[PDB]
Amino acid sequence: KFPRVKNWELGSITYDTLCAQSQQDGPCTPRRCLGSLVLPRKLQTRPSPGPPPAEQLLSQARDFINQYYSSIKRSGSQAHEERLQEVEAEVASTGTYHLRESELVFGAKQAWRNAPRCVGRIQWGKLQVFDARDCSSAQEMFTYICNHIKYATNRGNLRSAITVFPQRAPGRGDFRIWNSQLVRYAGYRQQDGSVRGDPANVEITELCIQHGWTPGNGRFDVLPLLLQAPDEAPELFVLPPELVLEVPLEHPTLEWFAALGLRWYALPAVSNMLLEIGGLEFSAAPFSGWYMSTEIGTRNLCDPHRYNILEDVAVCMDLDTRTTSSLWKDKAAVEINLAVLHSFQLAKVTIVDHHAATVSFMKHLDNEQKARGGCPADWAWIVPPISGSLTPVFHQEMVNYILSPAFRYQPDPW
Amino acid sequence: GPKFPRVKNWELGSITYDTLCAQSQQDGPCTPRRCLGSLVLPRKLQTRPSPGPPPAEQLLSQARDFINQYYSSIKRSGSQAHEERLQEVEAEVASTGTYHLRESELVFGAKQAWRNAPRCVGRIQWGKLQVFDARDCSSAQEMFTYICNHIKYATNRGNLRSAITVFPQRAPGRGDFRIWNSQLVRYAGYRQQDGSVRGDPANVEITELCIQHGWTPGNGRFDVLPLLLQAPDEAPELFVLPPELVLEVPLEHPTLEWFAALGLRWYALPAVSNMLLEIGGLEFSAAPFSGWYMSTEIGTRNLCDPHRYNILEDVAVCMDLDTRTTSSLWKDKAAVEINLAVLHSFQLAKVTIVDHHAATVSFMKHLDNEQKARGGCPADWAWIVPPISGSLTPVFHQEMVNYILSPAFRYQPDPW
Ligand code: HEM
Ligand code: HEM
Ligand SMILES: C[C@H](O)[C@H](O)[C@H]1CNc2nc(N)[nH]c(=O)c2N1
Ligand SMILES: C[C@H](O)[C@H](O)[C@H]1CNc2nc(N)[nH]c(=O)c2N1
Ligand SMILES: NC(=[NH2+])NCCC[C@H](N)C(=O)O
Ligand SMILES: NC(=[NH2+])NCCC[C@H](N)C(=O)O
Ligand SMILES: [Zn+2]
């Protein structure tokens with residue numbers, strides 16, 4: 001019932017009792033574990049043909065409110081049952097309800113805290129929550145997005161933020177941001193099977209063209225936003241260059257590195273996930289914080305299905321790309337992550353290396369153990385793409401579950 | 001689509017379904033409400049000792065199941081020999097309460113247990129395994145001879161060959177055949193004066209135990225330990241492996257001439273000897289197995305782990321790296337060079353070893369093979385992906401389904 005969690009580096013032991021508070025089931029069963037799966041249709045929140053049965057919405061709602069009041073410590077006062085009957089009443093009549101700006105603020109922070117795949121949750125209590133639930137057009141969403149960016153970037157001193165657009169309603173389409181991230185580089189499928197730019201962004205780069213975008217011819221062209229208001233065709237919105245803070249990549253010692261022309265944006269704002277608070281769902285709620293050096297250095301730049309530069313860098317360093325035993329790949333990677341850490345630091349833009357990050361996650365796990373009696377973590381995601389064992393998280397046993405409020409995955413609006 | 005776990009490879013975009021998992025028989029650590037897939041020893045991968053023989057129906061159910069697998073492998077399901085063997089087994093379990101495997105049945109189960117090991121990334125050679133029957137063994141001294149024969153064969157002068165030696169199974173009442181060591185070849189861990197540990201911290205408990213049973217300890221950082229073999233109901237006897245048998249590799253770097261000066265070294269033969277081999281309900285408490293090393297097991301885990309040799313900082317200082325700041329990636333720079341040293345050394349010493357890229361690239365082919373063969377392959381992602389350069393390796397991008405298939409290598413409690 002209560003999983004014994006052990007750290008093999010220190011022999012320390014803890015029992016996760018918070019997992020008992022999970023109400024949403026995962027993909028695993030006693031017969032088999034599916035923990036390494038990126039997304040089963042279970043953790044997904046697909047569209048629907050009818051409204052969520054009241055009985056359920058009411059219970060998830062009641063729970064959230066019970067959580068919120070326990071947080072501000074007024075758990076039990078008249079204001080609690082005043083808010084409980086207010087929801088019970090609104091639900092019984094409209095079939096739904098709405099959240100107060102304070103409850104939404106507590107909800108978004110708790111969704112982050114509950115995000116199993118987030119290694120930066122040490123900073124969960126520090127989130128700027130922009131209420132954009134008064135949006136009605138794609139043009140309004142754009143304005144709301146441009147403010148989110150301008151603020152989050154803050155000239156380089158990045159700061160966590162989230163803009164929450166209008167919730168989903170059983171009687172209409174969804175407010176959606178088509179791009180997976182507010183800032184992404186374009187991926188142009190060339191003549192043969194080749195790809196100019198980011199291979200992960202080919203599909204979206206095609207859709208923008210479909211909606212009249214005039215495409216560039218570079219590996220680092222920033223994509224325009226495709227914002228969609230309920231039941232309306234999406235709209236193309238080119239982002240203001242000055243808003244988009246980018247960082248030219250250079251190496252502290254390898255002078256020729258700079259000559260590669262590599263660069264990466266400063267803001268990691270995820271815009272395709274769904275935020276769920278109290279049973280209500282927000283199909284558009286872009287959030288952002290700052291980058292961990294590996295997200296760019298290893299994955300975005302070194303993944304074989306991404307920029308894939310390992311070899312280019314390797315031959316520049318003059319490594320033996322003949323056999324895998326010379327470790328040219330491992331070597332080239334470290335230098336790339338080094339170039340990233342050097343560059344962002346030189347450009348006075350916030351980043352956190354994987355050692356610093358995982359170290360902070362260890363303290364967070366501790367704080368959470370004392371706070372809630374456990375902490376949901378996804379080992380495969382928490383452990384960095386390189387130097388896994390060189391970091392403390394690798395040696396830490398973790399328990400994974402679904403706690404609400406939560407950031408869920410959701411279908412693409414096309 | 002198909003009502004089976006859909007598996008995707010994010011690098012290639014290819015999808016496969018796992019039908020094989022349908023054949024599993026034992027529950028795991030996970031439940032729908034929580035994934036305990038990152039635990040090393042959940043009480044679900046362990047098989048506790050038995051103060052009583054397995055209930056004749058359950059033991060028989062596994063037996064029947066194993067026999068069927070055997071016949072399916074030789075392509076004689078439903079045949080006269082198949083049905084006869086089944087009767088032979090339930091007949092034997094009937095009068096004695098247990099049964100015995102046939103020579104070929106054991107070779108099959110043993111290779112099947114390897115094939116079914118979720119945490120092994122070297123399963124591509126599962127078919128090529130030398131099974132040394134040692135079910136005739138009756139004494140601790142005979143165990144030593146067997147193990148020595150094993151090390152000799154498997155070491156084959158740095159041209160390692162996969163092998164396992166199966167000692168007598170667990171009989172009701174009669175004590176078990178146990179090798180107290182975790183591996184045949186293991187360095188000693190001396191609990192120091194200040195509190196530290198000279199040698200290998202992992203082996204402190206066993207090193208303390210060897211001393212209690214009469215071992216005369218040295219005081220080195222790389223002292224091979226003596227075997228503490230135990231025959232049924234008898235006390236464990238100390239046995240010292242002769243230096244000639246224990247092949248070792250002195251570590252040196254291909255460019256950093258000073259690395260050699262570090263005096264670091266590792267043994268060529270990786271021989272796990274504390275795991276229980278389960279086949280058809282029959283338990284083999286002693287059955288050491290070995291193959292060859294994957295470079296990261298030594299260069300990253302054995303040498304760099306904080307709770308192991310922890311030589312990361314030392315090498316960093318020698319490379320003249322700023323170990324004051326995290327952002328310098330000094331841990332990353334040293335570890336790469338240490339792993340390169342391990343690779344280089346074993347190559348120079350003409351001892352068999354495989355790097356994490358090649359090892360991993362070969363596990364992908366094994367996966368494709370096992371897809372076409374059984375409709376899946378139970379893999380433990382956490383253990384399959386190397387402790388370094390994870391995403392530079394293709395298995396990182398491969399979703400994996402993990403489940404328990406019998407025969408299998410399972411953990412068991414320590415003899416003491
Ligand atoms: C404060 C700085 C932050 C850092 C350094 C950080 C870092 C990370 C990293 C390394 C990942 C994995 C990303 C990947 O490999 O795709 C991640 C995932 C995630 N983070 Fe954070 N995070 C931070 C802020 C935020 C904020 C502000 C939120 C939400 C309000 C958040 C929510 C999440 C969620 C839900 C995921 C899962 C993403 C997915 O499933 O694709 N993070 N974070
Ligand atoms: C042929 C060469 C082989 C290679 C390269 C290989 C490689 C590996 C690696 C890298 C591990 C991880 C061990 C750790 O990090 O603790 C592993 C685990 C394992 N291997 Fe293999 N293996 C090989 C041969 C064998 C053989 C011959 C057997 C058995 C007949 C076997 C059975 C297993 C099992 C059961 C584990 C589980 C380890 C544990 O749970 O502690 N392997 N192998
Ligand atoms: C298949 C596997 O789960 C997948 O490649 C995961 C592994 N761990 C990860 N971890 C993080 N942080 N991000 C990812 O994209 C991945 N991909
Ligand atoms: C806690 C976590 O399961 C543990 O540290 C695992 C991670 N992956 C591993 N992978 C391998 N190959 N070997 C190990 O010992 C581990 N340890
Ligand atoms: N720091 C974050 N919260 N990042 C969210 C995911 C960003 C994504 N991994 C990228 O490389 O763009
Ligand atoms: N290749 C193997 N059979 N490895 C088994 C585990 C060995 C262990 N990781 C070691 O380095 O000693
Ligand atoms: Zn699981």
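Throughout, a chain's letter reflects where its sequence line sits, starting with A, and its residues are numbered from 1. Values reported hereafter were calculated over all heavy atoms of this structure, with side chains retained and with hydrogens, waters and symmetry mates removed.
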More than 12 heavy atoms from other groups under 6.0 Å of OH on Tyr409(A): yes
Structural part of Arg301(B) lying under 4.5 Å from a heavy atom of chain A: side chain
Shortest non-hydrogen contact from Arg33(B) toward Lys1(A): NH2-O, 2.8 Å
More than 12 heavy atoms from other groups under 6.0 Å of CD on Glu9(A): yes
Leading residue by heavy atom contact count with chain A [cutoff under 4.5 Å; candidates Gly28(B), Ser327(B), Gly13(B)]: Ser327(B)
Spacing of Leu338(A) atom CG and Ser328(B) atom OG [to the nearest 0.5 Å]: 8.0 Å
Reported NZ-to-NE2 distance for the pair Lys329(A) and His357(B), which is rounded to 0.5 angstrom: 5.0 Å
Among the listed options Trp379(A), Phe394(A), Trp8(A), the residue most often paired with chain B at heavy-atom distances under 4.5 Å: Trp8(A)
Pairs of heavy atoms under 4.5 Å with chain B: top-ranked of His354(A), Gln345(A), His342(A): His354(A)
Euclidean distance, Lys331(A) NZ relative to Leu392(B) CG, rounded to 0.5 Å: 13.5 Å
Among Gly35(A), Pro304(A), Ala356(A), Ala333(A), residue most engaged with chain B (heavy-atom pairs, under 4.5 Å): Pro304(A)
Heavy-atom neighbours of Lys44(B) NZ exceed 12 at 6.0 Å: no
Under 4.5 Å from a heavy atom of chain A, the part of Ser295(B) involved: neither
Exercise: do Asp355(B) and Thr324(A) side chains pair donor with acceptor under 3.5 Å: yes
Segment of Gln23(A) engaging chain B (4.5 angstrom heavy-atom cut-off): neither
Main-chain N/O of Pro32(B) paired with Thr29(A) side-chain donor or acceptor, under 3.5 Å: no
Separation of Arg306(A) CZ from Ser391(B) OG (nearest 0.5 Å): 11.0 Å
Neighbour count above 12 (heavy atom, 6.0 Å) for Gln371(B) CD: yes
For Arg32(A), the option from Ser24(B), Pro5(B), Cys30(B) that meets side-chain contact (heavy atoms from CB on, under 4.5 Å): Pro5(B)
Leading residue by heavy atom contact count with chain B [cutoff under 4.5 Å; candidates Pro116(A), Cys302(A), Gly388(A), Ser36(A)]: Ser36(A)
Donor-acceptor pair, side chain of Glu397(A) and main chain of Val40(B), under 3.5 angstrom: yes
Structural part of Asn339(B) lying under 4.5 Å from a heavy atom of chain A: both
Separation between CG of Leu36(B) and SG of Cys19(A), rounded to the nearest 0.5 Å: 7.5 Å
Option in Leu329(B), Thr393(B), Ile388(B) with maximal non-hydrogen atom pairs under 4.5 Å from chain A: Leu329(B)
Chain A interface, residue from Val7(B), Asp27(B), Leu39(B), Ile353(B) that has the most non-hydrogen pairs under 4.5 Å: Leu39(B)
Worked check of side chain to side chain contact (heavy atoms under 4.5 Å, CB included) between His397(B) and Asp303(A): CA-CA 9 Å; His397(B) 320 273; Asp303(A) 266 8; 3.4 Å; yes
